[PDB]
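Report on one structure; see the data block that follows.
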Amino acid sequence: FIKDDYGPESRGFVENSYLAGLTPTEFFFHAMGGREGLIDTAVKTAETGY
DNA sequence: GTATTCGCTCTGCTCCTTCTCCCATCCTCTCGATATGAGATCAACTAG
């Protein structure tokens, strides 16, 4: 991306469906979001269990 | 003789420092590391 690109593509809007398939940038941004979910799931457990 | 201070003490108030505590449950597997006898004392015999 160009510098200072606040457009939807650049900042992680996946304009495709799962049937259409994600583009490589959409794939990476989606992996980032899913990683957030995985970290939350793996980090909340200790602190909720305590 | 009372102002007036004034030195000194008594808390007491924030704050910074220390220190001590805690950090889900359960389960499977692999892998590495991790002396000896002589003399003395005593007590049980073991008989005289």
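Naming works like this for the structure tokens: A, B, ... for the chains as they're shown, residue 1 at the start of each chain, ligands 1 onward in shown order.
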Do me a favour and pick out the residues of chain B within 12 Å of chain A, using only C-alpha atoms (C1' of nucleotides), as an mmCIF file with N, CA and C atoms (P, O5', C5', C4', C3', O3' and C1' of nucleotides), in the first residue's frame.
```
data_model
loop_
_atom_site.group_PDB
_atom_site.id
_atom_site.type_symbol
_atom_site.label_atom_id
_atom_site.label_comp_id
_atom_site.auth_asym_id
_atom_site.auth_seq_id
_atom_site.Cartn_x
_atom_site.Cartn_y
_atom_site.Cartn_z
ATOM 1 P P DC B 22 0.630 -17.107 47.677
ATOM 2 O "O5'" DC B 22 -0.004 -16.632 46.293
ATOM 3 C "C5'" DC B 22 -1.247 -15.961 46.269
ATOM 4 C "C4'" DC B 22 -1.607 -15.562 44.852
ATOM 5 C "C3'" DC B 22 -1.198 -16.566 43.792
ATOM 6 O "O3'" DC B 22 -2.274 -17.444 43.544
ATOM 7 C "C1'" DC B 22 -0.541 -14.343 43.160
ATOM 8 P P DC B 23 -2.077 -18.714 42.593
ATOM 9 O "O5'" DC B 23 -1.978 -18.087 41.134
ATOM 10 C "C5'" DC B 23 -3.074 -17.389 40.578
ATOM 11 C "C4'" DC B 23 -2.686 -16.784 39.250
ATOM 12 C "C3'" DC B 23 -2.004 -17.746 38.301
ATOM 13 O "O3'" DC B 23 -2.981 -18.404 37.505
ATOM 14 C "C1'" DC B 23 -0.864 -15.628 38.363
ATOM 15 P P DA B 24 -2.781 -19.937 37.081
ATOM 16 O "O5'" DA B 24 -4.201 -20.369 36.502
ATOM 17 C "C5'" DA B 24 -5.376 -20.090 37.239
ATOM 18 C "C4'" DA B 24 -6.451 -21.121 36.959
ATOM 19 C "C3'" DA B 24 -5.967 -22.549 36.834
ATOM 20 O "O3'" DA B 24 -5.824 -23.131 38.107
ATOM 21 C "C1'" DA B 24 -7.522 -22.064 35.117
ATOM 22 P P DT B 25 -5.060 -24.530 38.260
ATOM 23 O "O5'" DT B 25 -6.060 -25.584 37.618
ATOM 24 C "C5'" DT B 25 -7.341 -25.769 38.170
ATOM 25 C "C4'" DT B 25 -8.115 -26.787 37.371
ATOM 26 C "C3'" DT B 25 -7.355 -28.055 37.056
ATOM 27 O "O3'" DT B 25 -7.455 -28.951 38.125
ATOM 28 C "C1'" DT B 25 -8.465 -27.276 35.117
#
```
Exercise. Considering only C-alpha atoms (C1' of nucleotides), return as JSON, numbers by chain whatever protein or nucleic-acid residues lie within 8 Å of range 30-36 of chain A, sequence-local ones (same chain, fewer than 3 positions apart) excluded.
Key: {"A": [12, 14, 26, 27, 39, 40]}
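The space between CA of residue 1 in chain A and CA of residue 24 in chain A spans 12.6 Å.
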Exercise. Just the helix (DSSP H, G or I) stuff from chain A, please, per backbone DSSP, written as a PyMOL selection string.
Key: chain A and resi 24-49
Please write the residues from the selection above to a file, keeping C-alpha atoms, as an mmCIF file, in the first residue's frame.
```cif
data_model
loop_
_atom_site.group_PDB
_atom_site.id
_atom_site.type_symbol
_atom_site.label_atom_id
_atom_site.label_comp_id
_atom_site.auth_asym_id
_atom_site.auth_seq_id
_atom_site.Cartn_x
_atom_site.Cartn_y
_atom_site.Cartn_z
ATOM 1 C CA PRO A 24 -3.455 -12.121 -0.004
ATOM 2 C CA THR A 25 -3.728 -8.868 1.961
ATOM 3 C CA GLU A 26 -7.233 -9.772 3.112
ATOM 4 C CA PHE A 27 -5.876 -13.187 4.068
ATOM 5 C CA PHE A 28 -3.137 -11.650 6.220
ATOM 6 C CA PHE A 29 -5.468 -9.136 7.880
ATOM 7 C CA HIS A 30 -8.001 -11.874 8.565
ATOM 8 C CA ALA A 31 -5.214 -13.964 10.077
ATOM 9 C CA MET A 32 -4.385 -10.997 12.310
ATOM 10 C CA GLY A 33 -7.979 -10.743 13.527
ATOM 11 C CA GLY A 34 -8.217 -14.474 14.110
ATOM 12 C CA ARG A 35 -4.949 -14.363 16.013
ATOM 13 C CA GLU A 36 -6.547 -11.757 18.259
ATOM 14 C CA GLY A 37 -9.336 -14.226 18.951
ATOM 15 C CA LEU A 38 -6.892 -17.055 19.679
ATOM 16 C CA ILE A 39 -4.836 -14.893 22.047
ATOM 17 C CA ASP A 40 -7.976 -13.800 23.881
ATOM 18 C CA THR A 41 -9.124 -17.404 24.260
ATOM 19 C CA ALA A 42 -5.706 -18.526 25.507
ATOM 20 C CA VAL A 43 -5.099 -15.584 27.871
ATOM 21 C CA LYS A 44 -8.506 -15.072 29.516
ATOM 22 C CA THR A 45 -8.548 -18.597 30.971
ATOM 23 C CA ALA A 46 -5.892 -18.138 33.660
ATOM 24 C CA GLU A 47 -7.348 -14.911 34.890
ATOM 25 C CA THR A 48 -10.992 -16.017 34.850
ATOM 26 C CA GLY A 49 -10.020 -19.270 36.572
#
```
